[PDB]
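Provided below as structure tokens are two forms of one protein chain, presented individually as structure 1 and structure 2.
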Structure 1
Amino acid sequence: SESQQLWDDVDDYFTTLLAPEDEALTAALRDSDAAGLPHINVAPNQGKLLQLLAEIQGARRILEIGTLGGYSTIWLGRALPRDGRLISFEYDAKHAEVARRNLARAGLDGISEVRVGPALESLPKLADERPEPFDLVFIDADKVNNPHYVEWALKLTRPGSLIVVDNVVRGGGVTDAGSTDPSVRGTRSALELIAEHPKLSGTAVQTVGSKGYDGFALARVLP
């Protein structure tokens, strides 16, 4: 609690100063909490980092795996130009209902879509539509399937596209080479895939904050 109080106080200062939440973001959380969604959305300073990475990259087209109530989706969508496109995948139809409402409130209903079903079914469907490549992929769903989502990202991106993977530390569980936890297995497999793959270059960072001890990975698709 001494640690967590300090991490809460520092994040409160950073968020209210640099990454303030407007009505669309606060109402998205309220509507998520009201609808029984687990409160596992990115922290606002993390949302702002996602938005800034999309902006720096010049992202026009964004793929997100794991919508929840569209809180991360509103952060990323706000990086996009008026003719941009964001596709988000969500397994739970009721999560998807909340997220669409939250995206419409933010004025992102024109450039965003939530596709319902297991992302490993939805990704091949999107691929069959032969879309223009995506500039940024945010992988934040069932971490067991992280290595499959990275493989799909490689098929749906181009040189200079970004891949962000949330929750890569798992309370410190990521170092256990003999884990029984499938979310650790998928996390380790995905990080090792980024390392080995000659078309990916990445880093990972341990974070603390209002969500506690965790971390994220950032990778670029190389030429």
Structure 2
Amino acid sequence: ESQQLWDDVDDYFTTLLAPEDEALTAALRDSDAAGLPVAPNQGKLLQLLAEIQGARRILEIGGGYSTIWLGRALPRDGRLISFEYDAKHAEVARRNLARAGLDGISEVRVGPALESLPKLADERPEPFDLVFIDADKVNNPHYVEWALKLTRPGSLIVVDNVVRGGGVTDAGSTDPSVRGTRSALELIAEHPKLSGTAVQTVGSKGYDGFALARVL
């Protein structure tokens, strides 16, 4: 059946091109033990997108596993800011990012993203080169608005999980995650400062897809 084929192909790509290496396997062992609820080859796609963009500063909205792939793209004077909900989640991420050789570039902020983002914006930080959004889809548009406030021309915004199992095409959906995904894609389309696309994927995470948007 189809999921087994997708797993087999993703395992083949992962072991050849983008292996689940010792820092990444340890991160998963630590997350499991801590009671937290992957596609290394898509993680490596994210790493390569940041590297091609020439990113020095990355913001992640929505432990530490996509965060390790993003962090791996950065130079030594780089900065990666990410969010964890509470101290325990932050500790798991920080230890996993340190083990991945990223603790001098990684800063994990503690709290709900909806509280931590206005605090961060109100500090008036230097703009980010890439914002990766993989959070609650209900607030995806809001997260893209914060991304616009916190980027500069030429920055990249990446939105994960925009297919909703095919549900994203339902204009009549009541589901808050479908509505927030559709509104975020519509914001990318209509905003004069954003040019984007979205693509469907399959693999070890099942059927989904991602959106990319470049700030003009």
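Residue positions are counted from 1 along structure 1's sequence. C-alpha atoms forming the largest set that superposes within 1.5 Å between two forms make up the rigid core.
Participant: Is the C-alpha displacement of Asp92 equal to or greater than 2 Å between structures 1 and 2 once the rigid core has been superposed?
Facilitator: Superposed on the core, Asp92 moves its C-alpha 2 Å or more between structures 1 and 2.
Participant: Could you tell me the distance the CA of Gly117 travels between structures 1 and 2 after a rigid core superposition, in angstrom?
Facilitator: Value for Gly117 between structures 1 and 2: 1.5 Å of C-alpha shift.
Participant: May I ask for the C-alpha shift of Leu53 between structures 1 and 2, in Å, based on superposition of the rigid core?
Facilitator: Looking at the C-alpha of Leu53 between structures 1 and 2, the offset is 0.4 Å.
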